[PDB]
Amino acid sequence: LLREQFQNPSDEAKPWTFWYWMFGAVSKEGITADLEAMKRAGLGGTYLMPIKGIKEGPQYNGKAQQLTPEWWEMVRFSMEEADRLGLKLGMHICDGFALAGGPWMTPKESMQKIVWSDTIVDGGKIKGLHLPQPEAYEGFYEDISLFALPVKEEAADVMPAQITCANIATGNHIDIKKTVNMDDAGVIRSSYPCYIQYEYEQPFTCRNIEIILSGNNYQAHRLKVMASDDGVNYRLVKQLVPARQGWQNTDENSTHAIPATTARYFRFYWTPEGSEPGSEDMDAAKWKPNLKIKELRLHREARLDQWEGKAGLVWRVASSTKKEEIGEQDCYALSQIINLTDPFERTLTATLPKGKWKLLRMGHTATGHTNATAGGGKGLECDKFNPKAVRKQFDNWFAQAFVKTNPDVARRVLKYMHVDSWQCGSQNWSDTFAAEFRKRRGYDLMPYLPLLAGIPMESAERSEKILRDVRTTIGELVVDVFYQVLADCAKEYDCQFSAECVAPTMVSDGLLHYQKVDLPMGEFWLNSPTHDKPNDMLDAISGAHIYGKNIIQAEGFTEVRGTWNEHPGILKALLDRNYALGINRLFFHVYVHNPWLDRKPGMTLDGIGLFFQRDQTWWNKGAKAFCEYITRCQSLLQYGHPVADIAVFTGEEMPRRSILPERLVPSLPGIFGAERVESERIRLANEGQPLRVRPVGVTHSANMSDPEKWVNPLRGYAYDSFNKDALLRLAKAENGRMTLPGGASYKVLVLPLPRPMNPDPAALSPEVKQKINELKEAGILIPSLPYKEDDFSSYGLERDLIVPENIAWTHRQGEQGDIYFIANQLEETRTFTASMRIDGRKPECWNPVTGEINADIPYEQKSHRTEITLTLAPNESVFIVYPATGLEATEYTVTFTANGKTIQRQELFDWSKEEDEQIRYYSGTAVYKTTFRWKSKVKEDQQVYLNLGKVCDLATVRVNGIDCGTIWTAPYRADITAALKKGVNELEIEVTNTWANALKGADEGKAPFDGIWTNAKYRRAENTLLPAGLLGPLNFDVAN
Ligand SMILES: [Br-]
Ligand SMILES: [Br-]
Ligand SMILES: [Ca+2]
């Protein structure tokens, strides 16, 4: 029954934590203390993951380097203690937090890429010729083919150039030293509009520019190319366009094609005007809009536009190459190419026709990626397309946890196998790739292998059709090999399989892998706009919904710079909007193991939060009460199936992933509303490229999308993104709706306009065209775009929930009835109407903070909907469920637990404004004791609240020794009804703040007690003491 799930939730409803072991510094005494704290807070389990080793942190004197006998003894003891306490465990598939590496992997067994070497020679008879050796990682390299291409032009690929620059920006304060300049090594820097000029001795013909960088630089890809024969009259060649790109973009340079241009002078003009704001698919646009280029390489030999990404070496999306850029005469036919593979530190002997020929020697080598955050378990990443390599990774780490510990205990407690978010670049080859390509795509890749160096063949269109097939195959192999093999291994060891995202680092369909896993998992960050991953969150939730996975996990509260002012009151709105998106099992990031019992707050992940661990000031009472709210919420939010009326198709480009709401605004302007259309015009215009600092010390693009401003963006409908695999393999028409196994059922199917991640757009395959037609004939609404009405009520599809803005919500339904989660996102008390798409059933209001149920709230039935009036306090949330006078106190005694000080006061006070330093700089818990008089006996159906006024930051209330609650969020009041008596009552309130004030104290030689230490170095920029204590005033509230 719903009422007993809410009141006595199951173990599946409890949140979990990540548990990080730092630098091999681990102790048994800390393990016991940590696991007991976790059990007392009400967590269900933890994922044990060690991060770095003694080399990275020698000062900590760690005795538990990964994979040593001493380390395995800590893992065994942890398992033993988890069993005693009734907690469960998981571990990741490698040391560190990403991804699938270890010291047992050789270069041959690691991720592979196609590499090559060039040389030009005269034809006729060739004899014992040595060829240049391609890139070989640690000396590993293997030949595949050797091609001979008849040169298109005899002139050289590059020529010498005199390089100069010129500032063109005028007026006002222009820091003259930040105008364009070139250093000793040729590196070009600028913060103001400028040109860079290349002068050739004789006219040069340029077909593309290879842009080479030091790190990332969005602005480098926005140059405007101009050319001149006479040194004064210049003509426009091309405005360059940045390719879509993710945070791991540095493994390859970028080639921008132009129309073939013969000139003595090339000018590259730059301005920051017209820049796009940062996002997950233009990651470098997050950073300051300054220009920085290591080298521009102007090439003569023809190449496809942005080929590095199109060959799958790196995660990128760009437009197909225009005919103006690569025409018939720029491509090679198959009959022109002479394959010299058969003719054998090797040499070549054979004979060519007369003329000059390019000797293109192709092969493969390792990409060079490692599980970089590992300690003892660090080495090369496994080949993701090789099933024996993938199995080997499993056997050498995760499988060993059932052998090198106690095997019977391991089998009871270690029930979860995790793979985290991908951080190992991309790969475009393996020994099996040709054959896999052959079965799946229906033709041979091998004669076309020079496409993977960007050398065009037959036509531009034909070259790019095949390169898309290479990319498609890459993504298919991530799922059918790496995930498939790991899923077999997990089932063999009786483990559940959780996984986070593959996008935006590895070429993939970002949703596709979620079919092979039990527990899709997303990520959401606290106070970290440059590192948040809302598109990851939508990949995991969309994947779960379309592939029928009921439990959706999330790595929550990850904080790029923690500053020790975080407590549960300021985490609630963040959590609730991610519940509205559709997660239902939270994993806290992060609980770090503190091996010392006399250092507080102790060891952290170099100051990366959330600092969620036993030595937090608010752990004992605050972590517990938060986790109780979380468990009540998650009991209802795992019930039944989620409701979503709209499916949005993710297309046929590669790579691909779920679609962010902002990118749908041009398709559905009516649904989003005019105010959203207008605010988006202004944001994307991005006038002045404004900067924001958040957190302390992280300067970034101010107009980047903020997920807090995208609550209920379709104004009462919900959507999932939806891929070709689900369309072709799972979708079925039933009663005018598109259904999928596991409970998804959509009335609308959107085929969005061309968009930044699908700009061509990629043509729909005949099979996709066929299924869409079928679904349309069966009653599924395929709207005509742009869709301009406010909603879909014209077609019989009303909004699910009608509420005002800044109200986050979700809807679940099953045999026992319907549930709406409704949450206030503002720091304001608000009263509003909520209108739900439910006809003639009685609603109830269930309160997740307190566990109270009000089964008889007022409501009105109107036009076959149900309306209620809700009052929500700041950040307050509620579930709507449908079945099928001043205090007058004596002298306060206030006792500061951590340092034993006690004082006597008549009036309440802010700790941070006291003259005594041991109070002024205090962080921790203080116990207030007083008495008050109650006039009359408590009547029947009379309810009394003690209102606490302003609490900094949480308070537990006790009346005549009876616990009346831990108060951590609005409204700040406790129900004292049952504890009251006539006469004098005893009043005790325990109040706890955050660590900020004590750390500022300790930093300045004014620590308020002994034993303060942390490796977390970041602090609030403001340099102020925060408000602290029970500020009041205290008041009674009597009602019925
Ligand atoms: Br870049
Ligand atoms: Br897009
Ligand atoms: Ca992650």
# chains A, B, ... in the order shown; residues from 1 in each chain; ligands from 1
call {"tool": "closest_atom_pairs", "arguments": {"of": "chain A", "to": "ligand 3", "cutoff": "8 Å", "atoms": "only C-alpha atoms and all ligand atoms", "output": "CSV"}}
result
residue,atom,partner,partner_atom_place_in_ligand_line,distance
A:97,CA,ligand 3,1 (Ca),7.4
A:420,CA,ligand 3,1 (Ca),5.6
A:421,CA,ligand 3,1 (Ca),4.7
A:422,CA,ligand 3,1 (Ca),8.0
A:500,CA,ligand 3,1 (Ca),7.0
A:523,CA,ligand 3,1 (Ca),6.4
A:555,CA,ligand 3,1 (Ca),7.0
call {"tool": "select_by_dssp", "arguments": {"residues": "range 279-432 of chain A", "states": "helix (DSSP H, G or I)", "output": "PyMOL selection string"}}
result
chain A and resi 283-286+307-310+328-330+387-396+399-402+407-413
call {"tool": "closest_residue", "arguments": {"among": "A:293, A:207, A:127, A:49", "to": "ligand 1", "atoms": "only C-alpha atoms and all ligand atoms"}}
result
A:293
call {"tool": "residues_near_ligand", "arguments": {"ligand": "ligand 2", "cutoff": "7 Å", "atoms": "only C-alpha atoms and all ligand atoms", "output": "PyMOL selection string"}}
result
chain A and resi 659+663+755-758
call {"tool": "closest_atom_pairs", "arguments": {"of": "chain A", "to": "ligand 1", "cutoff": "9 Å", "atoms": "only C-alpha atoms and all ligand atoms", "output": "CSV"}}
result
residue,atom,partner,partner_atom_place_in_ligand_line,distance
A:213,CA,ligand 1,1 (Br),7.6
A:215,CA,ligand 1,1 (Br),7.3
A:216,CA,ligand 1,1 (Br),4.1
A:217,CA,ligand 1,1 (Br),4.5
A:218,CA,ligand 1,1 (Br),4.9
A:219,CA,ligand 1,1 (Br),8.1
A:220,CA,ligand 1,1 (Br),7.5
A:221,CA,ligand 1,1 (Br),7.5
A:242,CA,ligand 1,1 (Br),8.3
A:243,CA,ligand 1,1 (Br),8.7
A:245,CA,ligand 1,1 (Br),7.4
A:246,CA,ligand 1,1 (Br),8.8
A:247,CA,ligand 1,1 (Br),8.7
A:249,CA,ligand 1,1 (Br),6.3
A:250,CA,ligand 1,1 (Br),7.2
A:253,CA,ligand 1,1 (Br),8.7
A:254,CA,ligand 1,1 (Br),8.4
A:282,CA,ligand 1,1 (Br),8.3
A:283,CA,ligand 1,1 (Br),7.8
A:284,CA,ligand 1,1 (Br),5.5
A:285,CA,ligand 1,1 (Br),8.3
call {"tool": "decode", "arguments": {"residues": "range 109-204 of chain A", "atoms": "C-alpha atoms", "output": "short mmCIF file (atom, residue, chain, number, x, y, z; two decimals), in the first residue's frame"}}
result
data_model
loop_
_atom_site.label_atom_id
_atom_site.label_comp_id
_atom_site.auth_asym_id
_atom_site.auth_seq_id
_atom_site.Cartn_x
_atom_site.Cartn_y
_atom_site.Cartn_z
CA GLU A 109 45.52 -4.58 -25.79
CA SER A 110 44.66 -0.82 -25.45
CA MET A 111 42.37 1.54 -27.38
CA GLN A 112 43.55 1.76 -31.07
CA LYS A 113 43.58 4.48 -33.81
CA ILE A 114 44.48 4.54 -37.56
CA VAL A 115 47.80 6.43 -38.06
CA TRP A 116 49.91 7.02 -41.30
CA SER A 117 53.03 8.46 -43.03
CA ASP A 118 53.54 10.38 -46.34
CA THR A 119 56.32 10.55 -48.91
CA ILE A 120 56.40 11.76 -52.54
CA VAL A 121 58.54 9.90 -55.15
CA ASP A 122 59.18 9.61 -58.89
CA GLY A 123 57.59 6.62 -60.65
CA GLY A 124 59.14 3.85 -62.74
CA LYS A 125 61.24 1.27 -60.85
CA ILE A 126 61.52 1.44 -57.01
CA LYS A 127 64.16 -0.63 -55.22
CA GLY A 128 64.91 -1.39 -51.51
CA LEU A 129 63.32 1.91 -50.38
CA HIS A 130 62.94 2.63 -46.60
CA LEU A 131 59.67 4.46 -45.74
CA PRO A 132 59.06 6.81 -42.80
CA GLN A 133 57.63 5.08 -39.69
CA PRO A 134 54.22 6.31 -38.45
CA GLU A 135 53.45 7.18 -34.84
CA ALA A 136 54.18 4.25 -32.56
CA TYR A 137 53.09 4.51 -28.90
CA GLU A 138 55.94 3.01 -26.75
CA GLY A 139 57.24 1.46 -30.00
CA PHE A 140 54.02 -0.46 -30.77
CA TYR A 141 52.89 -0.22 -34.41
CA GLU A 142 51.41 -2.56 -37.06
CA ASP A 143 51.02 -2.00 -40.82
CA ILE A 144 47.63 -2.51 -42.49
CA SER A 145 47.96 -1.23 -46.08
CA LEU A 146 50.25 0.84 -48.31
CA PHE A 147 48.64 2.97 -51.06
CA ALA A 148 50.14 4.82 -54.00
CA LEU A 149 48.34 7.98 -55.11
CA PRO A 150 49.12 9.88 -58.37
CA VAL A 151 49.76 13.49 -57.19
CA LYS A 152 47.16 16.05 -58.30
CA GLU A 153 49.68 18.89 -58.45
CA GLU A 154 53.46 18.73 -58.29
CA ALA A 155 53.84 21.87 -56.08
CA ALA A 156 54.55 21.28 -52.36
CA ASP A 157 51.82 20.96 -49.63
CA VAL A 158 53.16 23.92 -47.56
CA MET A 159 55.50 26.82 -48.31
CA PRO A 160 57.54 29.37 -46.25
CA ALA A 161 55.66 32.54 -45.17
CA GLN A 162 56.43 35.81 -43.42
CA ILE A 163 53.93 36.21 -40.58
CA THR A 164 52.91 39.64 -39.21
CA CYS A 165 49.97 41.04 -37.14
CA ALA A 166 47.90 44.20 -36.68
CA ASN A 167 45.59 45.48 -33.96
CA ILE A 168 42.42 47.10 -35.39
CA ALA A 169 40.45 47.94 -32.21
CA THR A 170 39.99 51.63 -31.36
CA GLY A 171 38.94 53.81 -28.40
CA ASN A 172 38.99 54.14 -24.61
CA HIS A 173 40.96 51.91 -22.15
CA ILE A 174 42.54 49.28 -24.39
CA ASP A 175 45.33 47.59 -22.36
CA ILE A 176 47.89 48.09 -25.14
CA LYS A 177 49.91 45.09 -23.87
CA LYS A 178 46.85 42.82 -24.54
CA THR A 179 46.55 43.83 -28.25
CA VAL A 180 47.67 41.19 -30.78
CA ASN A 181 51.22 39.85 -30.34
CA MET A 182 53.53 36.92 -31.25
CA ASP A 183 56.06 35.52 -28.74
CA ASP A 184 59.48 33.89 -29.39
CA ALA A 185 57.97 30.53 -30.25
CA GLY A 186 55.38 31.91 -32.75
CA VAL A 187 52.34 31.69 -30.42
CA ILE A 188 49.69 34.32 -31.29
CA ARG A 189 47.72 35.99 -28.44
CA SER A 190 45.05 38.70 -28.44
CA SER A 191 42.17 40.11 -26.37
CA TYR A 192 41.12 42.67 -29.06
CA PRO A 193 40.03 42.65 -32.75
CA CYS A 194 43.02 42.08 -35.03
CA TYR A 195 44.34 40.37 -38.17
CA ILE A 196 47.26 37.98 -38.67
CA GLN A 197 48.87 38.18 -42.18
CA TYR A 198 50.79 35.42 -44.06
CA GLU A 199 52.97 36.62 -47.02
CA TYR A 200 54.31 34.17 -49.67
CA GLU A 201 57.16 34.88 -52.13
CA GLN A 202 55.19 33.36 -55.03
CA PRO A 203 51.43 32.84 -55.24
CA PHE A 204 50.32 29.86 -53.07
#
